[PDB]
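A.B. asks: Mind folding the following:
(chains A, B, C, D, E, F and G)
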Amino acid sequence: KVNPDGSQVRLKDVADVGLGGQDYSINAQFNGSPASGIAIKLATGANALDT
Amino acid sequence: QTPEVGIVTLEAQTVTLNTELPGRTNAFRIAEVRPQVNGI
Amino acid sequence: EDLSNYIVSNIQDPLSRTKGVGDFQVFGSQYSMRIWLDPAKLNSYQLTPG
Amino acid sequence: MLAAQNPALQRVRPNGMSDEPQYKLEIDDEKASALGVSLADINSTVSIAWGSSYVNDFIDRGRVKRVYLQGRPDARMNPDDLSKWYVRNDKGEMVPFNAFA
Amino acid sequence: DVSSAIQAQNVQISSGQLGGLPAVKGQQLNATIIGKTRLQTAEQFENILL
Amino acid sequence: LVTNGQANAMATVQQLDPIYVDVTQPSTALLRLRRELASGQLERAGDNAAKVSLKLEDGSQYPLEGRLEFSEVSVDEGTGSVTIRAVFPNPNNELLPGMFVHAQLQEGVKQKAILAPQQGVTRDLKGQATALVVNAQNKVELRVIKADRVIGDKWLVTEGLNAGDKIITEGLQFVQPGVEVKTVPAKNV
Amino acid sequence: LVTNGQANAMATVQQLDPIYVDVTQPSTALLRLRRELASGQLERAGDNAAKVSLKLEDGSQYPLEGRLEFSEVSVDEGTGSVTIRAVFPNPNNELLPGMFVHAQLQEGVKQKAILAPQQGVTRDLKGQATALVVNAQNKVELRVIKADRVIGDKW
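C.D. replies: Residues are numbered from 1 along each chain as shown, chains lettered A, B, ... in the order given. I have put the structure below:
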C-alpha cells in the first residue's frame, strides 16, 4: 500500500522473505551425513536391468 | 600450467551512507485567494 | 534442502525421460521462495494476508 | 485384541496409523458477520496464514519454481497463537480471532 | 448474493496444522487444525447468513 | 456569484524561489538508525550533516542542494512513516510544486567499512552473497558474506570479509574453491 | 484565509515527555480472565499488577517501565475490544506518538502449580485430556485431566 503523499510499505517491512523448500515434511539422511535422494519405481511391462 | 587470477586487494575506507527517500514537493508559500466578502 | 534442490532441478528430468522409469519419489524437494508473514507487523500497517 | 491370541497368526499389524489429537476451532459466523468482518476474508486469512497457499511462479537460474506464502514458525505453533492473527473488517480496523472463534 | 453467500459459508478450508514444519527448535506438539467444513444436514444449510 | 468565506479557492497565488520537499522514511529505519548511533558501530555525520541531494522524476540529479530540518515527531497510522522536510533553493524555475522526487539525505560515517568491488560478488544457489578470497598461502576459498547496501558501483560488505584481504575480480570462469593459484594484481584499482 | 473555528487545524503542538499508550484487549479473553480470577484457580497480588514494560515493533525491548492506568468500561462494537491505556516516560524522545507497540502487562501468578510435559498428555475420544499415571504399587491407571494453556513446552 502507498498513500499519495509518498509514504509506502514494502514486503520487506511486513514479512521476512527467503528461499527454502516447498515442503519440509520429508528429508532423508544417508550414513550419518545430511543427504537426500530420488526413489525410482519401475515402469510396468519392462525389465529392470536395462532400466 | 596453472592459470592466474586478476585480483583487487581491498583496505579500510570511510563511507558516507546515503539513503533514498520518496516524497513529493510542496511550495514554500501557497496563498489561495478566498474572498471574505459577498457580491457578484 | 540445497542438495535436494540440486537433484530436483538437474538430475530428476534426465532421469525421468529415460527408458523404463514410471514414477519417482523425491526425498525432499526444490527451492521455493517463501514469504514468512507475521501478524505483529501485519497489524502495524492495517493489512490482511489477502 | 481378538487376533493377538489366535496361535495360527503371527505379527498381525495395522497398516494405518493410530489417531492423533486434532484442534478443531469453532468459527462463529454470526459474531464474525456482526462485527463487520466479511466471511471470505476469514477463509483467506486462515488458508494463507496456516496452509501455505500457492500464488504464482518465479524464475531462478533458468528453471521456473513456485512461491508459497505462510505465517512464521513463531505465530503458528500452539493454540495460544491463534489469537495473534488479525482480520480487517469493512469499517477499517482490525478484529482478532479470539473475539469470535 | 445467495450464491456468493453459499460459496463462502460451506467451504472446505485447507486450514493448516499446529507445529507444521518448519518449527521452533525444541517443541514437540503436533495437531491437525480442522477449520471450516462443508455442512451436512438441512438444518445446517438452514442457518446460513446472508 | 461569490459569498463570504468560500470553501473552494479562487486563484492560487504562489512563489517558487525556495521549494520544500516532503520525504517520508519508515519508522523501522529510524529505530535502526537510533540503535546504530548509541552503539559503537556508527557515528554522527558532523559538519556537513545537513546536505540533501535531489533526484528528479527522470532520474537526473538536481544540480543545486539544500538543507533538511525537523524530522517530525508525528507518524501516520495506516502507513507509519516519519515525514522529513527539506528546503531547496531554486533560481531558475525548474522544480514545480507537485513533482514526485527522491531526496538523498545522508546519515553516519563508518570507520572500518570493509568494501568489496561489484564484479567480485556473485550469488550462489541459495541466494546469499558470497565472494572468492585467496588464502595467505595462495589458494582460493569461498566465504559467506553479507552485503547490506551498494554505493556507487561497489558493494558494502559488513561481515565475512576483512581488512587487507583480497578479492578475485578478473578470471572467474577458471577457478573453483580449492585450486591453488598465485596472486596477480588486476586492472581496475 | 482563516475563519472562526474552522475545520482543519494549522499546527499540532504536541508534547511527549510522558506518553499515553492505548492498548487493546478483546472482550472474550478479559471475560475468561475475570472468570478464572474470580475462581480460586488464580490470584493477582503483589506490586507487579501495574508494571507493563512494553516492547517496540521490531522486538527491541524498552529500557524503562511504566504504570498501568484505568481500563475502559465499554467495548467497541466494530472490533470487540476494551482499551487499557498506560503512562510511560521517555527522557530523550525514544518513541514517537502514533507508533505500534506491544504491551506486556503482567496478569498474575499461580502459587504452587504443577506442569505436565507435552509428551505425557494425549486426548481421548470425547475431547477430555488424560495422562497415564503410575501408582505407588507400580500399576498404570487412567486419569482424566484439564490442561488448557501451553507455556514453554509444558501444559
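A.B. asks: Tell me how many other residues surround residue D:65.
C.D. replies: Residue D:65 has 19 neighbours, counted by other Cβ atoms under 10 Å in any protein chain shown. For every residue, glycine as well, the C-beta is placed using N, CA and C.
A.B. asks: a strand runs through it, doesn't it?
C.D. replies: Yes - the assignment for residue D:65 (DSSP: H, G, I helix; E, B strand; the rest coil) places it in a strand.
A.B. asks: Now look at the host helix or strand of residue C:36 and say if it contacts chain D.
C.D. replies: Secondary structure from DSSP states H and E places residue C:36 in strand C:31-37. Yes - interface with chain D: strand C:31-37 contributes C:31-37 (Cβ under 8 Å from any Cβ of the partner chain).
A.B. asks: Just the helices from chain C, written as ranges.
C.D. replies: C:2-6, C:39-43 (DSSP state H).
A.B. asks: Repeat that for chain B.
C.D. replies: So, for chain B - with DSSP H - there are no helices.
A.B. asks: again, but for chain D
C.D. replies: D:29-34, D:41-51.
A.B. asks: Of these, give the one that comes closest to chain G.
C.D. replies: helix D:29-34 (7.9 Å; Cβ to the nearest Cβ).
A.B. asks: Quick check: which helices or strands does that closest one pack against?
C.D. replies: On a contact count with 3 or more Cβ pairs under 8 Å, 6 or more residues apart in numbering or on different chains; DSSP states H and E, helix D:29-34 meets no helix or strand.
A.B. asks: in it, what's buried?
C.D. replies: D:29, D:32-33 (16 or more other Cβ atoms under 10 Å in any protein chain shown).
A.B. asks: Can you name the residues in contact with it?
C.D. replies: D:39, D:42, D:99-101, E:9, E:49, G:80 (Cβ atoms under 8 Å, 6 or more residues apart in numbering or on different chains).
A.B. asks: go with 6 Å
C.D. replies: Helix D:29-34 is contacted from outside by D:100, E:49, using Cβ atoms under 6 Å, 6 or more residues apart in numbering or on different chains.
A.B. asks: Show the contacting residues for the residue in chain E positioned nearest to chain C.
C.D. replies: Nearest residue of chain E to chain C, counting by Cβ to the nearest Cβ: residue E:22, 9.4 Å away. Residue E:22 is in contact with A:24, D:73, counting by Cβ under 6 Å, 6+ apart.
A.B. asks: Let me know the helix or strand that it is in.
C.D. replies: Per DSSP H and E, there is no helix or strand for residue E:22.
A.B. asks: Next one: it relative to residue C:28, how far apart?
C.D. replies: Plainly put, residue E:22 is 13 Å away from residue C:28 if you go by Cβ to Cβ, to the nearest Å.
A.B. asks: what does residue D:94 give?
C.D. replies: 38 Å.
A.B. asks: Same check on residue F:21?
C.D. replies: When residue F:21 is compared with residue C:28 (using Cβ to Cβ), they lie 52 Å apart.
A.B. asks: Comparing these two, which residue is more hemmed in?
C.D. replies: residue F:21 (26 against 23).
A.B. asks: Packing partners of the helix or strand harbouring that one?
C.D. replies: Using DSSP H and E, residue F:21 sits in strand F:12-26. Contacts defined by 3 or more Cβ pairs under 6 Å, 6 or more residues apart in numbering or on different chains; DSSP states H and E place strand F:12-26 against strand B:18-32, strand F:81-89.
A.B. asks: Quick one: residues in contact with the last one.
C.D. replies: It refers to strand F:81-89. So strand F:81-89 is in contact with A:7, F:18-19, F:21-27, F:30, F:52, F:64, F:66-72, F:75, F:103, going by Cβ under 6 Å, 6+ apart.
A.B. asks: ChimeraX command for the buried members of those residues?
C.D. replies: Applying 16+ other Cβ under 10 Å to the contacts of strand F:81-89, the buried members can be selected in ChimeraX as follows:
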select /A:7 /F:19,21,22,23,24,25,26,27,30,52,66,68,75,103
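A.B. asks: Briefly note if stretch C:18-28 comes near chain D.
C.D. replies: No - residues of stretch C:18-28 are not located near chain D by Cβ under 6 Å from any Cβ of the partner chain, the shortest gap being 13.9 Å.
A.B. asks: what's residue C:30 in contact with, if anything?
C.D. replies: Contacts of residue C:30 (Cβ under 6 Å, 6+ apart): C:5, C:8-9, D:65.
A.B. asks: re the thing from before, and chain A, which of the residues of strand C:31-37 next to chain D reach it?
C.D. replies: C:31-37.
A.B. asks: Now list the buried members of these.
C.D. replies: Counted by 16+ other Cβ under 10 Å, these give C:31-37 as buried.
A.B. asks: Tell me how many other residues surround residue D:42.
C.D. replies: 25.
A.B. asks: so what's the closest residue to chain F within chain B closest to, chain neighbours aside?
C.D. replies: The minimum distance from chain B to chain F, using Cβ to the nearest Cβ, falls at residue B:6 (2.8 Å). Closest residue to residue B:6 apart from its sequence neighbours, by Cβ to Cβ, 6 or more residues apart in numbering or on different chains: residue F:170 at 2.8 Å.
A.B. asks: The one you found reaches residue F:188, doesn't it?
C.D. replies: No - under the criterion of Cβ atoms under 6 Å, residue F:170 makes no contact with residue F:188, lying 8.5 Å away.
A.B. asks: So the two - more neighbours on which side?
C.D. replies: Using other Cβ under 10 Å as the criterion, residue F:170 and residue F:188 rank with residue F:170 on top: 15 against 10.
A.B. asks: if I look at the more buried one, how far off is chain D?
C.D. replies: Plainly put, residue F:170 is 23 Å away from chain D if you go by Cβ to the nearest Cβ, to the nearest Å.
A.B. asks: how near is that residue to residue B:4?
C.D. replies: 9 Å.
A.B. asks: and the residue of chain B found nearest chain G, what does it touch?
C.D. replies: Going by Cβ to the nearest Cβ, chain G is nearest to residue B:34 of chain B, at 4.0 Å. Applying Cβ under 6 Å, 6+ apart, we find residue B:34 in contact with residue G:1.
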